[PDB]
Amino acid sequence: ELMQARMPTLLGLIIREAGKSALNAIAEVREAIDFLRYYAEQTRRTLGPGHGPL
Amino acid sequence: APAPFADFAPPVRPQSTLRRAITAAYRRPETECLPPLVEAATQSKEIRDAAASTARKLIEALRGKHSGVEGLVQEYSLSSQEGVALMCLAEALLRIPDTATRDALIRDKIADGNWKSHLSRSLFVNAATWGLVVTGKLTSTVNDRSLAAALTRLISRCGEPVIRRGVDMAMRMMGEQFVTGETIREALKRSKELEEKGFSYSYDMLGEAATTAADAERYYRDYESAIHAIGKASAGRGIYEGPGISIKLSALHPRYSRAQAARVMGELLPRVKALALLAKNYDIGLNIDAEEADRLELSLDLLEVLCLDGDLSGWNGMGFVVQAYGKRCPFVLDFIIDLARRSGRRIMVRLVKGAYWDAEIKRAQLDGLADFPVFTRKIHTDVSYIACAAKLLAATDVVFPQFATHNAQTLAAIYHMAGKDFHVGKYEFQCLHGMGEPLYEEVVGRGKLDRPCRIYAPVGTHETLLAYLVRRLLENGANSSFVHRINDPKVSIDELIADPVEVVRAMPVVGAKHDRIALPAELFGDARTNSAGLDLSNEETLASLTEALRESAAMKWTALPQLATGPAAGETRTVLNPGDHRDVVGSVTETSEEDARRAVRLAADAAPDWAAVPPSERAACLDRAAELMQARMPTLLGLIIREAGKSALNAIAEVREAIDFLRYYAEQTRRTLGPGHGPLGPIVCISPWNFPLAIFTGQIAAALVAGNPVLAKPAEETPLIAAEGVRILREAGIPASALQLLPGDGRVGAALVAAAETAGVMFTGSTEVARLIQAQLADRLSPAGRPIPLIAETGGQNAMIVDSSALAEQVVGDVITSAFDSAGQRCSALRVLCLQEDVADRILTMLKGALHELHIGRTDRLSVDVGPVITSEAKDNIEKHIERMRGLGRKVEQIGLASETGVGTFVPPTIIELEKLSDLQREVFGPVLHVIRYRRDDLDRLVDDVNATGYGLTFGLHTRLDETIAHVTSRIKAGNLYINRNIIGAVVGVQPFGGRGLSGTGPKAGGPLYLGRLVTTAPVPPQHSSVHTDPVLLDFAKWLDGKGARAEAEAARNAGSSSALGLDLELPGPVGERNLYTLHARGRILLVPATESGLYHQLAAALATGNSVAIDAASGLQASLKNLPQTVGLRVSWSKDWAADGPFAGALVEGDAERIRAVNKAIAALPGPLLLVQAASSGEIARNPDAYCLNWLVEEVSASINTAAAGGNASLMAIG
Amino acid sequence: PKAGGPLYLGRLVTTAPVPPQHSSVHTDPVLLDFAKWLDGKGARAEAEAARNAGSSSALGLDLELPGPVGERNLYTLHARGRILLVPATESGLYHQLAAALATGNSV
Ligand SMILES: Cc1cc2nc3c(=O)[nH]c(=O)nc-3n(C[C@H](O)[C@H](O)[C@H](O)COP(=O)(O)OP(=O)(O)OC[C@H]3O[C@@H](n4cnc5c(N)ncnc54)[C@H](O)[C@@H]3O)c2cc1C
Ligand SMILES: NC(=O)c1ccc[n+]([C@@H]2O[C@H](COP(=O)([O-])OP(=O)(O)OC[C@H]3O[C@@H](n4cnc5c(N)ncnc54)[C@H](O)[C@@H]3O)[C@@H](O)[C@H]2O)c1
Ligand SMILES: O=C(O)c1cccc2c1OCCO2
Ligand SMILES: [Mg+2]
């Protein structure tokens, strides 16, 4: 949620630090948001007490 | 000697005017049924507005107070599969009777780890039911690997708390929701609360479809004990205020059917009378539930006798259901109201819509009947219901109407139709326990509509309720169902209160059939017209058939050698009825060997003239012959019944199959044949006695329509129906020179096979005789110097595998039919039943009980289930096998035969229990079922054992479990697979028929490759292609390119593309079934090359079609295949001793004519299966890219899956 | 395992969970032949482990994943290829073989 709300500022940094176009920077932030939400959902679908961390 | 058909199917009683009006409406066109129902259901504008307002009020209350499973899914964030798996686990845990044990297993074993280790029977046997509960969607089979994964996931994620909640939920649902109680005492205890509010009860003890006498006796004593408990509890409240019972006639006799009407009236009726007498003494209701459409009119005969029986006088509790989805409903009501007037009994009439809709659609389509016995649009049933309620409400002085419905619109319409004057006893509503109470708590009581409601209350254990729970859920759970729609937020109240009477009245065509449901005649659409059957439950049909059958027995049937030049003289003998040798059916004049050879020469002379008839006109002859056979079906039935020992049911299907062959091969011709698909020439068609019209017609029709003149050699046992088939084909326009009939024994067949002008042979019969024909043909080459094509369709050792997830009652019916129909004289008949050990004793007990309910006798009576075997020699051979098994100590069950069977040749249906599949070493072509048992872990070995017989014709599997379906169907090697249904009665163009190994050469009869075998250049069949390329072929083509064999590499790539390996089609057919047709590799192909290039072409053809090869080491071509890729090497073996390296599944041969002849003789000498051999010269391989035809290097597999097996049709849930 | 896919998190715990939708109705036929061979040898525990591996393997999984219209996004599980087996004991080798064969691999 924070990355979504702050996407315009994150874009500016990605454009200037990493040489990305605005379109590519948008997709970059989207992918980060999607990783967060995807692994959150996969966790809610799977992880229980017996799945101990490394 | 009883006169033929003198006692074929006499009705229980003479049909009254009222009974005849019922029968007349059985399959009346839907457009004719609806207008009078619309008129009868019409109400004033004022009433329609009042009813809409009442329905809206009821629906607003329903939606305003509106699951346990849904809250469980939500609390634990379960997926649908997890919810289903959880409920399956809960069901299993509730099979543990002791509570403390169950709770310890949950806490200490299930929750902490492996549920599989602690819980012979899949947890997920009933997951289709729980799927309906959780998702509202029906699946016919269970994805048990998905459910197992989901269960592990949910337990590892949520642990004991979710298991506890699932157990408590399933306990409530199965103990209090799907049933009112587990026992009648518990149900009665739980009924007091709503009885105090003004409800009443009718208890449903959940019995139906008795399979054995013992089952029927168990259901009887269950009803009897329930009547006592209910009557004790009623305590004089009477039939309206007090509780009653509902019974199903199918629970009370294992042969409840019109065909067995005499046993029904003699044996079932007294049982109902005894139950009714007890209900009379307690003064409770006893309701007869309505079942399948073909039992409606039969049940009226029981209702009539009971209502006229003075011993039951003084009691008005007899009740009877009528189904408004049925076209006969208003006429049935007229009959019942009149019976109530005559008897003076106020019959309790429960009006329902109907519970068997999907099944009725499927049945009418399967049977090829004129129309459905039920409506096909849901709104038509609604109008029918309201129209029938108007009829009932006009007769409340003489019947007690009971309006069973959960539809608030239907309810409101009848509430206002009935008007303001009411008293208890005038009429009532009814609803289902745990489904209708929300609606009817807005109805019962002075504070509501002050109308009573009787709750239909299921009573039974978990096992009993689950058996047919799917059908009961679909009643209120399909997309068109009110209960489903009231829960759908996208359905408005205005939609729910729509007046079906006015909607139908305004449609462009009142009463039009549903657009998406095919009439049985239109199952195949524009491709061809389906054959039509006959309804042997229809009294008009039975009466007309009786007369046609009697007339057929008065005919002087003959069969003569019908040469191109005219009938020929010969030795004449009588043809006797195998069920009674005193019954002379006709006379056959048999062909001399000289005349058989003359007939081939005449066929050869006539071959150009027949080949010159354009394919479309040849196909038109077949279509005309199909029309003639359809019109002549009743007479043909009579001949088949008497000559071949077949039942009427089986004779109908036989004539239908012949009609379907004619129309199928006609259409396939119109799709394919052109000037370059030249005929072979004279074809000898040799046909068996067991399908004496259908297979006879199929082979001849195919050969004729492909442009070949035919020499038809029918089985010596059944020449008369063959002569009639030839007469019909000639009437349809087949010239006498193109179709010659040569009756006689195998000597006539052999003379035909050996005749120099014989260009091809179509044989259906025993594997041993096919092998003799194969040896004779190996002596011969065509004028072009190529092998004479042989299509040889031979026996089977057909198995059915049944696991612990199958429904025993379904299994037993399919086994009894598959094994003993036609006295087991089908090539497809079930020979070996394989029962998983954990269910084997229960199923075997049921099977033996069902065996003893079969009626064996002369087949000119509808009540006969199993007729004679064809000859005394057949009888002797079968009996020798039985006594050998009995002498080895194997348990043998046999039905006792009536003395009347002595005049014919009968073998009693027999069950033999074997230790191992290898105890059976030869096809026993009779009514003899062998039973073996297997441990679940040995399933794969068992499939090996089935395959190990070398046969591969039909195969059945009964399981609900997708993992088992996938495993077994991937490993079994048979041409016709059947899942959750019987394994017999393959349907032309739907289950293309034919097997592999010792069962046949192929191509399949009634399939798209068949005609292409009967021409010198095979056409491209309809839909015959595949986008898949065999990867070993591709590796071989690359290897060829690496060796510099560039032309062969191109030919290999072309073979890869041309191959139809991987074709995977669904064929059109009836609803409730999926019929699949797939092309697989044949197996290991024997390659006999002469040149390196020939070898490469042979290998390309074989690999492109997925096969492995054995290459003749005597070719000396070993150095031509150096350094093969490992993938190709895995498929390549070299053979010095061909007989030691088989069985092969075909052969490719390269050589000049005498090399081909020599190889063909050597191949014929190989033990085991007849090999489909293709030969070519080296020059032909160079000139013709299709020198070897890829059609014959793939194996066809048909699979027919009963998708209604779980209890309903998921696709038809979306059809309203 | 693939990032943004259902096997990923299971690599980051000491005991992998069963991912959503992770199952297959297909049983490797060479696994089946191996289980029968173990049966014939009396290696009952190993034959059971082999059958259990054959069932729990998701080899053959073939899913369509939710996504935009105008696109079909498919996710399938295939054999890895050839698995290096480094056993110490006969029973260990049979268990390793069962795992590898059940997932469609050579060894
Ligand atoms: C107390 C009780 C006892 C019953 N006893 C019996 C019995 O002994 N025998 C029996 O056969 N039924 C019986 N039924 C009816 C059956 O079980 C269903 O409950 C009933 O048909 C549902 O209709 P409805 O008015 O509840 O709901 P609705 O949603 O109004 O009606 C559903 C019904 O419409 C019909 N239908 C659905 N689709 C189509 C279509 N495409 N074309 C034509 N018709 C269609 C079906 O009959 C379906 O069940 C009984 C019902 C009740 C309430
Ligand atoms: N796969 C199929 O489609 C299919 C269909 C029906 C029957 N069958 C098989 O048919 C068999 C039963 O039929 P049947 O008893 O009539 O079989 P069969 O082998 O006894 O007789 C079939 C035909 O072969 C003829 N015949 C016998 N000896 C011959 C010879 N030496 N040369 C040429 N022709 C000869 C007979 O006259 C008859 O017409 C069973 O084995 C059954 O499984 C197979
Ligand atoms: O019983 C069968 O499966 C079968 C197979 C081939 C031809 C038939 C069959 O039965 C119906 C008549 O014609
Ligand atoms: Mg014979």
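The sequence lines fix the lettering, A, B, ..., with proteins before strands; numbering per chain opens at 1. Atoms within each ligand, like the ligands themselves, are counted from 1 in listed order. Heavy atoms only: backbone and side chains are in, while hydrogens, waters and symmetry mates are out.
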TODO: Using a strict 4.0 Å cut-off to heavy atoms of B:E923, name the atoms of ligand 2 that fall inside it.
DONE: 40 (C), 41 (O), 43 (O)

TODO: State if B:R377 counts as touching ligand 1 under the rule of any non-hydrogen atom under 4.0 Å.
DONE: yes

Task: Test side-chain contact (heavy atoms from CB on, under 4.5 Å) applied to B:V748 and B:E590, step by step - done: CA-CA 9 Å; B:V748 181; B:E590 294 192 320; 5.8 Å; no

- [ ] Answer with side chain, backbone, both or neither: which part of B:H514 has a heavy atom less than 4.0 angstrom from an atom of ligand 1?
- [x] neither

Task: Side chain, backbone, both or neither: the part of B:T405 lying under 4.0 Å from ligand 1 by heavy atom - done: both

Open item on the list: For the 3.5 Å polar cut-off, considering only N or O atoms, please tell me whether B:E654 and ligand 3 meet it.
Closed with: no

- [ ] Measure the distances from the heavy atoms of B:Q409 to every atom of ligand 1 and state whether one is below 4.0 angstrom.
- [x] no

Task: Under 4.0 Å to a heavy atom of B:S481 - the qualifying atoms of ligand 1, by number - done: 29 (O)

Open item on the list: If you compare all heavy atoms of B:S299 against all heavy atoms of B:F320, which two are closest, and at what distance to 0.1 Å?
Closed with: OG-CZ, 3.2 Å

Open item on the list: Is there a polar contact between ligand 2 and B:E716, counting only N or O atoms under 3.5 Å apart?
Closed with: yes

Task: For B:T1001 against B:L790, the heavy-atom pair lying closest together - done: OG1-O, 3.6 Å

Open item on the list: I need the atoms of ligand 1 closer than 4.0 Å to a non-hydrogen atom of B:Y325, numbered in the order shown.
Closed with: 47 (O)

- [ ] State if B:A715 counts as touching ligand 2 under the rule of any non-hydrogen atom under 4.0 Å.
- [x] yes

Task: ligand 2 contact on B:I773 by region, counting heavy-atom pairs under 4.0 Å - done: side chain

TODO: Consider only side-chain N and O atoms of B:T954 and B:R826, and report whether a donor and an acceptor are under 3.5 Å apart.
DONE: no

Task: Aromatic ring pairing B:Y440/B:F429, orientation class (parallel under 30°, perpendicular over 60°, tilted between) - done: tilted

Open item on the list: List ligand 1 atoms under 4.0 Å from B:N407, heavy atoms only on the residue side.
Closed with: 25 (O), 30 (O)

- [ ] Would you please determine whether B:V374 falls within less than 4.0 Å of ligand 1 on a heavy-atom basis?
- [x] no

Task: Between SG on residue B:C685 and CD1 on residue B:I700, distance to nearest 0.5 Å - done: 5.5 Å

- [ ] Between B:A986 and ligand 3, find which residue part has any heavy-atom pair under 4.0 Å and reply side chain, backbone, both or neither.
- [x] both

Open item on the list: Please classify the B:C431 to ligand 1 contact at 4.0 Å (heavy-atom distances, strictly less than): side chain, backbone, both or neither.
Closed with: backbone

Task: Polar proximity ligand 2 side, B:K713 side, N/O cut 3.5 Å exclusive - done: yes

Task: Any N/O pair B:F661/ligand 3 closer than 3.5 Å - done: no

TODO: Say whether B:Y978, considering both its backbone and side-chain N or O atoms, lies within less than 3.5 Å of an N or O atom on ligand 3.
DONE: no

Task: Region of B:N476 that comes within reach of ligand 1 [heavy atoms, distance under 4.0 Å] - done: side chain

Task: Heavy-atom pair with the smallest gap, counting every atom of B:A644 and B:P578 - done: C-CG, 3.9 Å

Task: contact_flag B:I1215 ligand 1 heavy-atom lt 4.0 Å - done: yes

- [ ] Please work out whether the ring planes of B:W689 and B:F925 are parallel, tilted or perpendicular, with thresholds of 30° and 60°.
- [x] perpendicular

TODO: Give the contacting part of B:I870 toward ligand 2: side chain, backbone, both or neither, where contact means a heavy-atom distance below 4.0 Å.
DONE: neither

TODO: Check ligand 1 against B:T381 and write out every atom of the ligand that is under 4.0 Å from a heavy-atom position of the residue.
DONE: 43 (C), 44 (N), 45 (C)

Task: CD-CD distance between B:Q365 and B:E360, expressed to the nearest 0.5 angstrom - done: 12.0 Å

Task: Proximal atoms of ligand 2 relative to B:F993 (non-hydrogen, under 4.0 Å) - done: 2 (C), 3 (O)

TODO: For ligand 2, indicate whether the residue B:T794 contacts it via side chain, backbone, both or neither (heavy-atom separation under 4.0 Å).
DONE: backbone

Task: Contact atoms of ligand 1, heavy-atom distance to B:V321 under 4.0 Å - done: 7 (C), 8 (O)

Open item on the list: As an exercise, state the distance from CD of B:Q825 to CZ of B:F691, rounded to the nearest 0.5 Å.
Closed with: 9.5 Å

- [ ] For B:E717 and B:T871, test the side chains for any donor-to-acceptor distance below 3.5 angstrom and give the result as yes or no.
- [x] no

Open item on the list: Given B:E657, B:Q991, B:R656, B:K646, identify the one with the heavy atom nearest to atom 12 (C) of ligand 3.
Closed with: B:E657

Open item on the list: Within ligand 3, which atoms have a heavy atom of B:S828 less than 4.0 Å away?
Closed with: 1 (O), 2 (C), 3 (O)

- [ ] May I ask you to check whether B:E717 has an N/O atom sitting below 3.5 Å from an N/O atom of ligand 2?
- [x] no

- [ ] Take B:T764 and B:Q699 through the side chain to side chain donor-acceptor pair (under 3.5 Å) test and state the conclusion after the steps.
- [x] CA-CA 9 Å; B:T764 302; B:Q699 296 187 138; 2.7 Å; yes

Open item on the list: Heavy-atom contact check, 4.0 Å cutoff: does B:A653 meet ligand 3?
Closed with: no

Open item on the list: Less than 3.5 Å apart, any donor N or O on the side chain of B:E923 or B:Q797 sitting next to an acceptor on the other?
Closed with: no

TODO: Give a yes-or-no answer on whether the side chains of B:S202 and B:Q430 include a donor-acceptor pair shorter than 3.5 Å.
DONE: no

Open item on the list: Hydrogens and angles aside, do B:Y456 and B:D289 bring a side-chain donor and acceptor to less than 3.5 Å of each other?
Closed with: yes

Open item on the list: Please confirm whether B:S687 approaches ligand 2 to less than 4.0 Å, judged on its heavy atoms.
Closed with: yes

Open item on the list: So if I count the atoms of ligand 3 from 1 in the order they appear, which ones are less than 4.0 Å from some heavy atom of B:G985?
Closed with: 1 (O), 2 (C), 3 (O)

- [ ] First locate atom CE of B:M1213, then atom CG of B:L138, and finally report the distance between them rounded to the nearest 0.5 Å.
- [x] 6.0 Å

- [ ] May I ask which of B:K378, B:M435, B:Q323 has a heavy atom nearer to atom 40 (C) of ligand 1 than the others do?
- [x] B:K378

Task: Per-atom contacts, ligand 3 versus B:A694 - under 4.0 Å to a heavy atom - done: 12 (C), 13 (O)

Open item on the list: Considering non-hydrogen atoms of the protein only, which is the closest contact for atom 10 (O) of ligand 3, and what is the distance?
Closed with: B:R826 NH1, 3.1 Å

TODO: Taking all non-hydrogen atoms of both residues into account, name the closest pair between B:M629 and B:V655 and its distance.
DONE: O-CG1, 4.0 Å

Open item on the list: Heavy atoms only, cut-off 4.0 Å: how does B:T764 contact ligand 2, side chain, backbone, both, or neither?
Closed with: both

TODO: Considering heavy atoms of the protein only, find what lies nearest to atom 6 (C) of ligand 3 and give residue, atom and distance to 0.1 Å.
DONE: B:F993 CD2, 3.5 Å

Open item on the list: Show the nearest heavy-atom pair for residues B:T376 and B:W357, with the distance to one decimal.
Closed with: O-CZ2, 4.0 Å

Task: ligand 1-proximal atoms of B:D289, by part, heavy-atom distance under 4.0 Å - done: both

Open item on the list: Taking 4.0 Å as the limit for heavy-atom contacts, which would you say applies to B:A1005 with ligand 2: side chain only, backbone only, both, or neither?
Closed with: neither

- [ ] Select one of side chain, backbone, both or neither to describe which atoms of B:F482 lie under 4.0 Å from any atom of ligand 1, heavy atoms only.
- [x] both

TODO: For B:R350, counting its heavy atoms only, list the atoms of ligand 1 lying under 4.0 Å from any of them.
DONE: 3 (C), 4 (C), 5 (N), 8 (O)

Open item on the list: With heavy-atom distances below 4.0 Å as the criterion, list the atoms of ligand 2 near B:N690.
Closed with: 6 (C), 7 (C)

Open item on the list: Out of all atoms in ligand 1, which are within 4.0 Å of some heavy atom of B:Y356? Include the element for each.
Closed with: 11 (O)

